[PDB]
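S.K.: Please find one structure pasted underneath; my questions will follow.
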4 protein chains.
Amino acid sequence: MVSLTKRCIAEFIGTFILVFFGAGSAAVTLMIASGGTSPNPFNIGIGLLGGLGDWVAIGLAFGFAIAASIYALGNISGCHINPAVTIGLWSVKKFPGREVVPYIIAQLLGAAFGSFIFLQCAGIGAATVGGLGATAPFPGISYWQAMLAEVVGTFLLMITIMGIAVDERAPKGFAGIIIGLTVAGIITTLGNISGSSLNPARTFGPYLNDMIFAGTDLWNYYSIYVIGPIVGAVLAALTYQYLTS
Amino acid sequence: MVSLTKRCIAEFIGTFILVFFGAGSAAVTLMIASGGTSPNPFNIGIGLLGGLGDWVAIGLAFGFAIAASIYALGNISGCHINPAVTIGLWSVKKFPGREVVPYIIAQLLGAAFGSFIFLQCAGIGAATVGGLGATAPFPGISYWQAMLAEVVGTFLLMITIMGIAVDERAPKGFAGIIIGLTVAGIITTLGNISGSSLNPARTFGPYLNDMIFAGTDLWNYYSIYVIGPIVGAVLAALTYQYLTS
Amino acid sequence: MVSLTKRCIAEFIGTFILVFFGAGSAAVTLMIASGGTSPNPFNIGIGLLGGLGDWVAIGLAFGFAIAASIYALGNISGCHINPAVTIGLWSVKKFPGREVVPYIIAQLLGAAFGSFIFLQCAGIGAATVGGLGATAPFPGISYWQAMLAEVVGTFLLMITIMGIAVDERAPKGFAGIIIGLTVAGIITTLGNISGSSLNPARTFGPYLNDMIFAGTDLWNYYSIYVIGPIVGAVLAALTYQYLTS
Amino acid sequence: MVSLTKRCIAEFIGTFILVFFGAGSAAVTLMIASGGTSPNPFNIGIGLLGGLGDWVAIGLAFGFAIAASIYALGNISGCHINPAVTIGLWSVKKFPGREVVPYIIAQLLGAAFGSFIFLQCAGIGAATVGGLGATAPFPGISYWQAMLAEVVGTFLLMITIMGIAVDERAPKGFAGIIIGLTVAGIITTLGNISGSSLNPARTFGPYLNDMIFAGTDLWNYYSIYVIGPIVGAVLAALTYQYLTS
């Protein structure tokens, strides 16, 4: 019912929110932990002061912002705010192919602006110390291990979306909060492994701004956050379709 | 249906609750962390013992109290308990202008009393050490950076309120919990930047009591917490109206 | 519809659950923090390792157990599991006076057994080190300050119960989770002040077992946890009745 | 309506998710805390950096994954993902005996694969340092104390399932989130006592992989996690049936 123009604006706003608040909380954690001594290399600062509590806090900053976005924009654009979700829905004929690129562009732009505006609010340290919450393999984690993490994590996210937001039998009203909390849980577990992106746009924004303002080049890892989420999402969509066929 | 007198009493109670429990949790955090050594100046004590866990805990003390208030008073006054929300609703003709001042006065009074009564329960240290949870720019954060944070934070709060509480299509029953959790998430991210007020009354109460009992004068920062939230709220209300027009 | 005998058994089980899981989490926190160095006297161990994160964790152990109990027993006994709630409902003619004593006795017994069984699971240290999560004024907090805290805290709890569980306009299904989360929020704020009991039975259980197994006599503080909660609950019930009259 | 083959696949996926994300978060906590100094023997690393905050974080990693699974698979297989739940339902004629073994086998297999795949993502340290989140009595806790903990914990889980998912009067849509949060709360309290398994399969997976990849033999404790959960679940199912008879 809503025009594609307005729906793309909604996707831009939703992804802006996702990155500003979610990735922002991770940058803040590193900023307030800066100067502290970590027990081992695997602990880079997130978890130094609050242990796994730091990870569930970041997970919830993402989760509550995602839930808020879905309740505010779900009835407008569907609030995908994730290229992997858009592609996942498309793979099972739940979203028109003609609108896939428009949505993804809006999401990438929203993520980039969200990261940029957060940097303006928090200061340069959000990038030089916090890395603007950019997702990258943690110490000792290989390219393929991070890839596997993103596939499994996005699989859970997408299969949940299929059951609570796509399925006609889904209980009305619960989609936003369940999807957000599911993301919070996935980040709590996978955050210290791959950064738990589950979203190509959510990784794109911080990567772009880190490059421009922190002189940090993480693009060599970007394929992990493109292939991993997309593969996990499509696999989940196809699996759900099979189980309910 | 409920008289303006009773609705104003409800707004007073709701804002009293918001400040007593929310701002109170921040004061308590500083009180139990007093004497500890922080890794750097940006970390003022909140996050010293629990990292970002401290921030999501404060965010939830606010969030759960807000949710409770909305379920208890929503059907009475609408439970705005925030001058920026009242003005935001007014800007899109969702609340009568003739009741704006009455509601705001009730909110300011409730916030002041909530802070005062908390001070009586917790002791003078809640103000001298905890600053009664007053919101102010954190170390290294400028006036305009804090302003930008309040605009973005209140924008998310208000657009969520529009979608889940104002919109006729909103799923019934979810407003209270979603609004509260959204605030918890915003505080988790922005707490260590501007204090994440999102509410002129929530800042007014602690400021007044800090001045009277802690000899702390933060009024020079008050414009941040008046202009920021109001601008963000109106911008969100107008944006929602546009997207759904 | 359910007999008083079965409803009393339900109240016993519900209060047993409330104390076993809620008060138990507080004892565990102190047990895992034992031996650590606190920054100041106000911090007794809860918050030493996780800051306010420790308090919201205890609050949620209580909150999730309360929500679970309400969804499991609400349709049976009404799941009051709190003498102050039973009395509050009675004060506004929402519960028969003839069943007040039966419910309270069941609640007191359930709390005592819950604390006892937890002690058996966790070991003697749950009492000698953790104090079985007994509520008492914290360092520097006077008898009247703790009393005021219990009144305000129980006021919020009861007014929320009136709006989401008692009121005929309340959205169905939300009562359990909202009541539980409200308690979690109140404990997060007031835990380090009065222990945030809000419940005469929840205090009775640990007090009894601490006396028998820890040789700790806290009965001199019990009036705080009887008068405070009851006054707050009745005041809230009467206030709600007035606002909606 | 869904074939047993597809329902068993769903149970496999659901239990895989439960173990990968839940048990995985516990392993991660130990990995990021490795090298730190604990205040006492009872604190093995979980709680070292975040106190009880670490436990509620692990509890929520389990809880959010469980909620997600129920919303995604509940309408397919019923999403038991726990042998004790399957047996509990069977004991009160709410699940056919002919499908009990098929479901349990699927659950055991899913748990084993979930643990294995997590090990691949996180690295060998997830097992050698994190023990893949295997549940075992904590320091000072005897075999019978851990057994009692599992009985009480699973009793709460099952009685909640009866009231919110089995009972025809249960409010629609709430089952997934309430069951998940209930588990989070139980783990917060009992995690540092018995590991708070409440699930024979959730313990089986980590035990198997720890044996194969960590050379750790915990099978001598397995009876605790088989008998405890099953006894608690059946006792709860029978109790609910009695109270509502």
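Methodologically, a virtual Cβ is constructed for each residue, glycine included, from the backbone with ideal geometry; neighbour enumeration extends over all protein chains shown. A short reminder: the numbers here are calculations on the coordinates, not readings from a lab.
S.K.: Please go through (1) within 13 Å of the chain's Cα centre (by Cα); (2) within 9 Å of another protein chain (Cβ to nearest Cβ) for B:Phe42 and return the number of the only condition it doesn't satisfy.
M.R.: So B:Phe42 meets the others, but not (1).
S.K.: Could you tell me whether the stretch A:213-220 includes any residue that is β-branched (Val, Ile, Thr) and outside any loop (DSSP other than H, G, I, E, B)? Lay out the reasoning, then the answer.
M.R.: Going through the stretch A:213-220, the residues β-branched (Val, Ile, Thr) turn out to be A:216.
This time we only want the ones that are outside any loop (DSSP other than H, G, I, E, B), so: none.
Scanning the stretch A:213-220 turns up no residue that is β-branched (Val, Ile, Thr) and outside any loop (DSSP other than H, G, I, E, B).
S.K.: Shifting gears a bit: Give the residue that is nearest to the other protein chains (Cβ to nearest Cβ), with candidates limited to residues of the stretch D:141-152 that are closer than 18 Å to C:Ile32 by Cβ and crowded, with 24+ Cβ neighbours inside 10 Å.
M.R.: The residue in question is D:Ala149.
S.K.: Pick from A:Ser25, A:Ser3, A:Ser34: which is at the interface with chain B (Cβ under 8 Å from one of its Cβ atoms) and either surrounded by fewer than 20 Cβ atoms within 10 Å (Cβ to Cβ) or in contact with an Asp or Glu (Cβ under 7 Å, 6 or more places away or on another chain) (or both)?
M.R.: Values: A:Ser25 fails: either surrounded by fewer than 20 Cβ atoms within 10 Å (Cβ to Cβ) or in contact with an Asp or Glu (Cβ under 7 Å, 6 or more places away or on another chain) (or both); A:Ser3 fails: at the interface with chain B (Cβ under 8 Å from one of its Cβ atoms).
None of the other options fit; the residue is A:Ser34.
S.K.: Let me ask you something else. Regarding the stretch D:202-223, can at least one residue be identified that is within 21 Å of C:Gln120 (Cβ to Cβ) and surrounded by fewer than 24 Cβ atoms within 10 Å (Cβ to Cβ)? Spell out the reasoning first.
M.R.: First pass over the stretch D:202-223, keeping only residues within 21 Å of C:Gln120 (Cβ to Cβ): D:221, D:223.
Those still in the list that are surrounded by fewer than 24 Cβ atoms within 10 Å (Cβ to Cβ) too: D:221, D:223.
Yes; the residues of the stretch D:202-223 include at least one that is within 21 Å of C:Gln120 (Cβ to Cβ) and surrounded by fewer than 24 Cβ atoms within 10 Å (Cβ to Cβ).
S.K.: Name, by its number, the condition in (1) touching a residue at least 60 places away in the same chain (Cβ under 8 Å); (2) closer than 25 Å to D:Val56 by Cβ; (3) buried (at least 24 other Cβ atoms within 10 Å of the Cβ) that does not hold for D:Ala237.
M.R.: That leaves (2) as the condition not met.
Residues are listed down the side, and each one gets a yes or a no for (1) under 30 Å from D:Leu119 (Cβ atoms); (2) surrounded by fewer than 22 Cβ atoms within 10 Å (Cβ to Cβ); (3) within 11 Å of chain D (Cβ to nearest Cβ); (4) within 18 Å of the chain's Cα centre (by Cα):
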position: A:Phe116; (1), (2), (3), (4): no, yes, no, yes
position: A:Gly125; (1), (2), (3), (4): no, yes, no, no
position: A:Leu132; (1), (2), (3), (4): no, no, no, yes
position: A:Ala136; (1), (2), (3), (4): yes, yes, no, yes
position: A:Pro139; (1), (2), (3), (4): yes, yes, yes, no
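S.K.: So A:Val101 passes all but one of these: (1) within 11 Å of chain B (Cβ to nearest Cβ); (2) of a type in the set (A, V, I, L, M, F, W, C); (3) surrounded by fewer than 24 Cβ atoms within 10 Å (Cβ to Cβ); (4) not in a loop (DSSP other than H, G, I, E, B). Which condition number does it fail?
M.R.: For A:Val101, the exception is condition (1).
S.K.: Mind listing whichever residues of the stretch D:45-78 are under 16 Å from A:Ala165 (Cβ atoms) and small (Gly, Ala, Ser)?
M.R.: Of everything in the stretch D:45-78, those that are under 16 Å from A:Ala165 (Cβ atoms) and small (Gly, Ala, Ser) turn out to be D:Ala67, D:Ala68, D:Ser69, D:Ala72, D:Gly74.
S.K.: Hey, another quick one. Only one of (1) closer than 25 Å to A:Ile193 by Cβ; (2) in a helix (DSSP H, G or I); (3) polar (S, T, N, Q) is not met by A:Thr135, so which one is it?
M.R.: That leaves (2) as the condition not met.
S.K.: If you don't mind, there's one more thing I want to ask. Can you pull out every residue in the stretch C:70-87 that is more than 7 Å from chain D (Cβ to nearest Cβ) and among the β-branched types (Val, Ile, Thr)?
M.R.: Those that are more than 7 Å from chain D (Cβ to nearest Cβ) and among the β-branched types (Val, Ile, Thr): C:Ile70, C:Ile81, C:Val85, C:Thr86, C:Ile87.
S.K.: Ok, one more. Confirm whether A:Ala72 is within 17 Å of the chain's Cα centre (by Cα) and hydrophobic (A, V, I, L, M, F, W, C). First the steps, then the outcome.
M.R.: Values: within 17 Å of the chain's Cα centre (by Cα): no; hydrophobic (A, V, I, L, M, F, W, C): yes.
Spelling it out, it is not the case that A:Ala72 is within 17 Å of the chain's Cα centre (by Cα) and hydrophobic (A, V, I, L, M, F, W, C).
S.K.: Going by what's in this entry, would C:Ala67 be described as free of Cβ contacts under 8 Å to residues at least 60 places away in the same chain and either within 14 Å of chain B (Cβ to nearest Cβ) or closer than 30 Å to A:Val56 by Cα (or both)? Write out each step before concluding.
M.R.: Details: free of Cβ contacts under 8 Å to residues at least 60 places away in the same chain: no; either within 14 Å of chain B (Cβ to nearest Cβ) or closer than 30 Å to A:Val56 by Cα (or both): yes.
So C:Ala67 does not fit the description; no.
S.K.: Looking at C:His80 and the list (1) crowded, with 23+ Cβ neighbours inside 10 Å; (2) out of contact with any helix residue (DSSP H, G or I) (no Cβ under 8 Å at 6 or more places or on another chain); (3) not polar (S, T, N, Q), which single condition is not satisfied?
M.R.: The one condition C:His80 does not meet is (2).
S.K.: Quick check on this structure: which one of D:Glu150, D:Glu168 is among the acidic types (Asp, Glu) and over 14 Å from the mean Cα position of the chain (by Cα)?
M.R.: On the way: D:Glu150 fails: over 14 Å from the mean Cα position of the chain (by Cα).
Going through D:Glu150, D:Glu168 in turn, the sole match is D:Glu168.
S.K.: From B:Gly114, B:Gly153, B:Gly176, B:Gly110, which residue is closer than 19 Å to A:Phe21 by Cβ and in a helix (DSSP H, G or I)? Steps first, answer last, please.
M.R.: On the way: B:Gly114 fails: closer than 19 Å to A:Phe21 by Cβ; B:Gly176 fails: closer than 19 Å to A:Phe21 by Cβ; B:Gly110 fails: closer than 19 Å to A:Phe21 by Cβ.
After applying the criteria, what remains is B:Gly153.
S.K.: Another question about this same structure. When you go through A:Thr29, A:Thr86 one by one, which is the residue that is over 27 Å from D:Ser34 (Cα atoms) and not acidic (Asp, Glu)?
M.R.: Numbers: A:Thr29 fails: over 27 Å from D:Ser34 (Cα atoms).
Testing whether each residue is over 27 Å from D:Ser34 (Cα atoms) and not acidic (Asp, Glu) leaves just A:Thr86.
S.K.: Any residue at all in the stretch C:155-169 that's closer than 26 Å to D:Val152 by Cα and among the hydroxyl-bearing types (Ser, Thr, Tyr)? Before the answer, list the steps.
M.R.: Let us first name the residues in the stretch C:155-169 that are closer than 26 Å to D:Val152 by Cα, namely none.
No: zero hits.
S.K.: Just name the residue that is surrounded by the most Cβ atoms within 10 Å (Cβ to Cβ) out of those in the stretch A:167-193 that are β-branched (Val, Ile, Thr) and either within 19 Å of A:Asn43 (Cα to Cα) or within 7 Å of chain D (Cβ to nearest Cβ) (or both).
M.R.: First, pick out the residues of the stretch A:167-193 that are β-branched (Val, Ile, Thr): A:177-179, A:182-183, A:186-189, A:193.
Restricting the remaining residues to those that are either within 19 Å of A:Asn43 (Cα to Cα) or within 7 Å of chain D (Cβ to nearest Cβ) (or both) gives A:178, A:182, A:186-189, A:193.
Numbers: A:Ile178: 30, A:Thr182: 31, A:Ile186: 31, A:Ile187: 29, A:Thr188: 33, A:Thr189: 35, A:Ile193: 26.
So, considering only residues that are β-branched (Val, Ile, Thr) and either within 19 Å of A:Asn43 (Cα to Cα) or within 7 Å of chain D (Cβ to nearest Cβ) (or both), the one surrounded by the most Cβ atoms within 10 Å (Cβ to Cβ) is A:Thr189.
S.K.: Moving on to the next point. List pairs: first in the stretch B:135-148 and closer than 12 Å to B:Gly191 by Cα, second among the basic types (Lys, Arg) and surrounded by fewer than 13 Cβ atoms within 10 Å (Cβ to Cβ), Cβ under 6 Å, 6+ apart or cross-chain?
M.R.: none
S.K.: Name every residue in the stretch A:92-134 that is among the charged types (D, E, K, R) and free of Cβ contacts under 8 Å to residues at least 40 places away in the same chain, in order of residue number. So that I can check it myself, show each step before the final result.
M.R.: Residues of the stretch A:92-134 among the charged types (D, E, K, R): A:93-94, A:98-99.
A:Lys93, A:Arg98 - these are the residues of the stretch A:92-134 that are among the charged types (D, E, K, R) and free of Cβ contacts under 8 Å to residues at least 40 places away in the same chain.
S.K.: Looking at D:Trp90, D:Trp55, can you tell me which residue is in a helix (DSSP H, G or I) and away from chain C (no Cβ under 14 Å)?
M.R.: Details: D:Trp55 fails: away from chain C (no Cβ under 14 Å).
The conditions single out D:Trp90.
S.K.: So A:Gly22 passes all but one of these: (1) under 19 Å from A:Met158 (Cβ atoms); (2) without any contact (Cβ under 8 Å) to a residue 40 or more places away in the chain. Which condition number does it fail?
M.R.: (2)
S.K.: While we're here: Under 19 Å from D:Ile87 (Cα atoms) and more than 14 Å from chain C (Cβ to nearest Cβ): does that describe D:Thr203? Reasoning before the result, please.
M.R.: On the way: under 19 Å from D:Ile87 (Cα atoms): yes; more than 14 Å from chain C (Cβ to nearest Cβ): yes.
Against the criterion (under 19 Å from D:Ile87 (Cα atoms) and more than 14 Å from chain C (Cβ to nearest Cβ)), D:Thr203 qualifies.
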